[PDB]
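A short write-up of the structure that comes next.
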Amino acid sequence: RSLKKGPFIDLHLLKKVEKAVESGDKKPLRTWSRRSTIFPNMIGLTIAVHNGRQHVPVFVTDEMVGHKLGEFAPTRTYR
Amino acid sequence: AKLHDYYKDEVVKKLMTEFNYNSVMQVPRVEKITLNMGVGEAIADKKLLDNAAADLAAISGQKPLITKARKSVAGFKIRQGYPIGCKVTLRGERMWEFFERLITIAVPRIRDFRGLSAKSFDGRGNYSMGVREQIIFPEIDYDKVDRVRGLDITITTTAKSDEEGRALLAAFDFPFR
Amino acid sequence: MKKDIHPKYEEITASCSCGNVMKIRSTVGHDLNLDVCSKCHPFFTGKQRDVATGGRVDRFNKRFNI
Amino acid sequence: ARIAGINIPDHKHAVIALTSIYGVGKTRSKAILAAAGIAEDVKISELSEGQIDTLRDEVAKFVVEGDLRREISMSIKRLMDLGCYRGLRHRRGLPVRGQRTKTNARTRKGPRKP
RNA sequence: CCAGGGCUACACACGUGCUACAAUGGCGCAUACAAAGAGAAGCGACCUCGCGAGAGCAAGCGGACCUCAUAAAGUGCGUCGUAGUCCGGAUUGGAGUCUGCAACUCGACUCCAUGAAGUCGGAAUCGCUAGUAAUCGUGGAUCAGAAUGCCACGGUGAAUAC
RNA sequence: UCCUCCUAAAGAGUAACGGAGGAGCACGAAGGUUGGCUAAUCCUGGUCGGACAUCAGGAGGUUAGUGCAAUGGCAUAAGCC
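Protein chains in written order, with the deposited numbering: chain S19, 2 to 80; chain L05, 1 to 177; chain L31, 1 to 66; chain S13, 1 to 114.
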């Protein structure tokens with residue numbers, strides 16, 4: 002429902018995980034780009050998204066491509 | 001009885017090559033189909049069971065038998081010998097026409113149809129299925145009826161095991177999703 | 001069967017949308033015209049459209065297009 | 001007049017009466033009669049059987065009541081088992097599109113029981 | 001100073017508003033009558049494409065000339081014929097367009113589909129005596145995008161005050 | 001006042017302010033005859049239906065029932081139609 006021309010990602014997150022695929026499934030990427038859309042070329046990684054005070058580890062599967070990284074990081078807790 | 005003639009010629013010889021029987025009648029055969037419809041809500045309105053009698057009389061070819069309460073259980077406020085449901089046991093040539101009108105023109109008329117379960121077996125060869133709506137049979141006019149009448153159909157066969165009974169039932173074109 | 005306690009059991013003539021006529025005995029009425037029958041129902045093909053409903057990376061390549 | 005889903009209406013204009021089927025509203029109903037050559041202002045009972053079947057498959061060209069309910073259910077269930085923010089609002093019956101949950105959102109959350 | 005999050009969070013209570021519960025009404029076609037304003041790192045005609053939000057191209061105008069901008073209630077015909085119904089639009093699913101580095105938390109708008117509560121509202125309480133109430137439409141400030149709020153403009157236009 | 005068990009010592013009978021329960025009705029069918037049928041409780045499957053309604057199959061055997069407190073008895077059924 003936004004950005005018809007090209008899914009969005011940052012240079013700092015795109016250049017990090019493209020460097021991560023040839024090095025195997027190494028350490029989780031500590032990133033702040035909640036706005037970055039997910040591509041099929043990050044599936045399998047445990048990249049951690051900053052929800053505001055911690056970086057929650059999320060396991061990306063195949064289906065989660067249209068969603069962004071900030072979908073899976075609960076910023077506001079409730080009871 | 002189209003399926004009974006289909007059974008006596010095609011199905012019986014098909015089942016001889018599945019369990020390598022030595023006698024012709026070691027094969028399973030269907031014994032009865034009991035059209036039970038346990039209304040249950042007739043403790044308050046007695047004529048609901050009277051209207052329930054017309055439903056099984058229209059789906060089948062005979063008037064149903066109004067069942068009586070076997071015990072007096074406080075969980076449902078029923079006493080001894082209270083009319084609570086109705087049943088239709090179809091036997092002879094007449095059940096094959098209902099067996100034809102069920103698997104051919106009534107199974108497609110099941111809403112949100114996906115198929116039948118192959119695990120709905122008692123363990124001897126007696127399949128049992130329960131429909132939620134009566135508008136799968138074209139006898140019901142769907143308008144002058146007031147309460148949605150669902151019912152359950154069990155098919156008692158002479159099979160020794162439920163796997164053997166399913167093999168006999170698989171020759172009668174069942175979905176078995 | 002007991003006489004005159006069961007309804008009329010007149011044989012009728014039914015037919016689905018595809019024209020598959022069959023003769024059956026029931027309590028419908030004069031005749032019958034159906035919309036679907038077991039020899040034309042999409043149950044051997046309706047189970048094909050229920051399991052092949054998944055997929056997201058193929059849809060994601062319909063937006064990136066490269 | 002027993003087309004795809006259930007759809008037995010009577011004494012109603014066709015394009016309005018086709019809205020009863022789950023999966024077709026006002027606009028798609030006008031697309032059914034336009035491809036079937038059916039007059040919009042004429043009731044169903046006046047239409048013959050030879051025109052009922054030519055719109056039975058025309059409705060079948062669009063996803064309808066039978067397989068749409070599970071299609072909607074799996075799209076929601078995909079979000080519910082995902083852990084995303086779209087699923088958590090479906091998990092608690094809360095609005096998913098970011099509405100005024102503080103005072104409003106009675107319809108999504110439910111009737112006020114206390 | 002910086003990145004992310006919060007200011008939008010939710011068993012709840014209250015205030016102020018918009019839309020409804022319909023037939024003096026809805027829907028479809030045709031059609032008449034305004035005022036006030038705003039415009040350039042903008043208003044953006046005409047034409048083409050797209051069901052549509054909108055996209056391409058793009059004159060004219062820092063302005064009684066050009067654009068926003070076709071005013072709407074109103075009129076004629078057809079239909080619906082009193083039902084939770086063609087009333088009502090929340091909610092949700094899929095697909096999209098614009099803005100902005102970026103629309104997930106939390107923007108607006110559009111297409112299809114789903115279709116809620118609501119059938120005129122208790123005690124109580126509010127505003128109004130005229131071109132006011134009541135109703136309909138329009139414009140502006142804010143503003144990259146983003147109001148049912150605020151300010152302002154006109155159309156139809158009551159009853160009653162012993 | 002009457003009925004059932006024990007007390008009560010294997011015929012009968014046998015006391016206590018002994019241990020334990022009921023009755024002072026009911027039924028014109030719950031009687032007679034004929035004919036037919038026989039349960040409870042579990043396991044599995046099956047719309048509502050869920051421990052428990054109703055249905056189908058299997059085990060099981062009278063642990064069921066006998067209008068009523070208990071004893072004795074009952075399928076040749078005294079049990080059910």
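Think of the CB as a built atom: it goes at the ideal place given N, C-alpha and C, for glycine as much as any other residue.
So if I threshold CB-CB distances at 8 Å, which residues from the stretch 67-85 of chain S13 count as touching chain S19? Cβ contacts with chain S19 come from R78, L82, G83, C84, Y85.
Does the contact criterion of 3 or more C-beta pairs under 8 Å hold for the stretch 33-52 of chain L31 versus the stretch 98-117 of chain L05? A contact exists between the stretch 33-52 of chain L31 and the stretch 98-117 of chain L05.
Going by DSSP in three states, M95 (chain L05) sits in which element: helix, strand or coil? In the three-state reduction of the DSSP assignment, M95 (chain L05) falls in the helix class, which pools H, G and I.
Give the secondary structure of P41 (chain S19) by DSSP, where H, G and I count as helix, E and B as strand, and everything else as coil. Note: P41 (chain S19) maps to helix in three-state DSSP.
Using the three-state DSSP reduction, which class does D4 (chain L31) fall into: helix, strand or coil? If DSSP states are grouped into helix, strand and coil, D4 (chain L31) belongs with coil.
Kindly give me the distance between the Cβ atoms of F43 (chain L31) and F137 (chain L05), rounded to whole angstroms, as I take these residues to be in contact under 8 Å. About 18 Å separates the two Cβ atoms, so there is no contact after all.
Ordered along the chain, which non-local residues of its own chain (more than five positions away) have a Cβ less than 7 Å from that of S29 (chain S13)? Closer than 7 Å at Cβ, skipping near neighbours: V15, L18, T19.
Taking 8 Å as the CB-CB cut-off, is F60 (chain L31) touching chain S19? Yes - at least one Cβ of chain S19 is within 8 Å of the one on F60 (chain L31).
Three-pair Cβ contact test at 8 Å for the stretch 44-61 of chain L31 versus the stretch 2-13 of chain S13: Counting Cβ pairs under 8 Å, fewer than three are found: no touch.
Got a sec? Which residues, its chain only, sit under 8 Å from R108 (chain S13) by beta carbon, not counting five neighbours each side? So the list reads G93, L94, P95, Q99, once near-sequence residues are dropped.
Round the Cβ separation of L35 (chain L05) and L56 (chain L05) to the nearest angstrom and send it over; I've been treating them as touching at under 8 Å. 6 Å between Cβ atoms; contact.
For a quick check, are the C-beta atoms of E133 (chain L05) and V148 (chain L05) less than 8 Å apart? Yes, the pair counts as a contact, with Cβ atoms nearer than the cut-off.
Rounded to whole angstroms, what is the Cα-Cα separation between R49 (chain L31) and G67 (chain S19)? Across the structure, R49 (chain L31) and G67 (chain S19) are spaced so that their CA atoms are roughly 23 Å apart.
Sorted by chain position, which residues of the same chain lie with C-beta nearer than 8 Å to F174 (chain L05)'s C-beta, five sequence neighbours on each side aside? Excluding residues within five positions, the ones whose Cβ falls inside 8 Å are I103, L116.
Which two residues bound the contiguous beta strand (DSSP E) that contains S128 (chain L05)? Start and end: 127-131.
If contact means a Cβ-Cβ distance below 9 Å, which residues of the stretch 7-35 of chain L31 contact chain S13? Within the stretch 7-35 of chain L31, the residues whose Cβ lies closer than 9 Å to some Cβ of chain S13 are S17, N33, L34, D35, listed in chain order.
Out of curiosity, what's the CA-to-CA distance linking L32 (chain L31) and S120 (chain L05)? For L32 (chain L31) and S120 (chain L05), the gap between their C-alpha atoms comes out near 32 Å.
Using a Cβ-Cβ cut-off of 8 Å, state whether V57 (chain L31) counts as contacting chain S19. Closer than 8 Å to some Cβ of chain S19, the Cβ of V57 (chain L31) qualifies, so yes.
Does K3 (chain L31) get closer than 8 Å to chain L05 when you measure Cβ to Cβ? No, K3 (chain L31) does not count as interfacial toward chain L05.
How about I21 (chain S13): is its C-beta nearer than 8 Å to some C-beta of chain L05? So, not an interface residue.
Report, in whole angstroms, the separation of the C-beta atoms of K17 (chain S19) and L30 (chain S19), which I expect to be a contact under 8 Å. The beta-carbon distance between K17 (chain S19) and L30 (chain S19), rounded to whole angstroms, is 6 Å. This is short enough to meet the 8 Å contact definition.
Proximal chain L31 residues relative to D53 (chain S13), where beta-carbon distance stays under 9 Å: Those are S17, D35, listed as they occur along chain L31.
Out of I44 (chain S19), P41 (chain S19), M43 (chain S19), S34 (chain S19), which one is the CA nearest neighbour of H56 (chain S19)? Per the Cα distances, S34 (chain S19).
Taking C-beta pairs closer than 8 Å, name the residues in chain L05 that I38 (chain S13) reaches, listed in chain order. Under the 8 Å cutoff, chain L05 gives no residues; its nearest Cβ is about 23 Å from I38 (chain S13).
With a threshold of 8 Å between beta carbons, is residue 183 (chain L05) in contact with chain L31? No statement about residue 183 (chain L05) is possible, as the shown extent of chain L05 runs from 1 to 177 and does not include it.
Can you tell me where the alpha helix (DSSP H) with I76 (chain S13) in it begins and where it stops? Start and end: 65-80.
Give me the residue from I78 (chain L05), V88 (chain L05), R70 (chain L05) with the minimum Cα distance to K63 (chain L05). Of the listed residues, the one whose Cα sits closest to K63 (chain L05) is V88 (chain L05).
Do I44 (chain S19) and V59 (chain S19) count as a contact pair if the criterion is CB distance below 8 Å? Cβ distance not < 8 Å, so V59 (chain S19) and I44 (chain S19) don't count as in contact.
Considering only their Cβ atoms, is the gap separating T38 (chain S19) from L14 (chain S19) smaller than 8 Å? At a Cβ-Cβ threshold of 8 Å, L14 (chain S19) and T38 (chain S19) do not count as neighbours.
Residues that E58 (chain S13) bridges to, as DSSP identifies them: For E58 (chain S13), which the question treats as bridged, DSSP gives no partner whatsoever.
Could you tell me the distance, in whole angstroms, from the CA atom of residue 194 (chain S13) to the CA atom of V24 (chain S13)? A query on residue 194 (chain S13) cannot be resolved here, the shown segment of chain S13 reaching from 1 to 114 and no further.
Starting from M22 (chain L31), follow the beta strand (DSSP E) in both directions and report where the run begins and ends. Element bounds for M22 (chain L31): 21-25.
To which residues of the same chain is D122 (chain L05) closer than 8 Å at the C-beta, ignoring the five residues directly before and after it? For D122 (chain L05), where only same-chain residues beyond five positions count, the Cβ hits under 8 Å are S128, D162.
Quick check on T107 (chain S13): does DSSP put it in helix, strand or coil? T107 (chain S13): helix per DSSP, three-state reduction.
Within-8 Å CB hit, residue 1 (chain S19) to chain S13: Lying before the first or after the last residue shown, residue 1 (chain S19) is absent from chain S19, which here runs from 2 to 80.
Determine, using beta-carbon pairs with one atom in the stretch 28-43 of chain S13 and one in the stretch 52-64 of chain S13, whether at least three such pairs fall under 8 Å. Yes, since at least three Cβ pairs between the stretch 28-43 of chain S13 and the stretch 52-64 of chain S13 fall closer than 8 Å, the two stretches touch.
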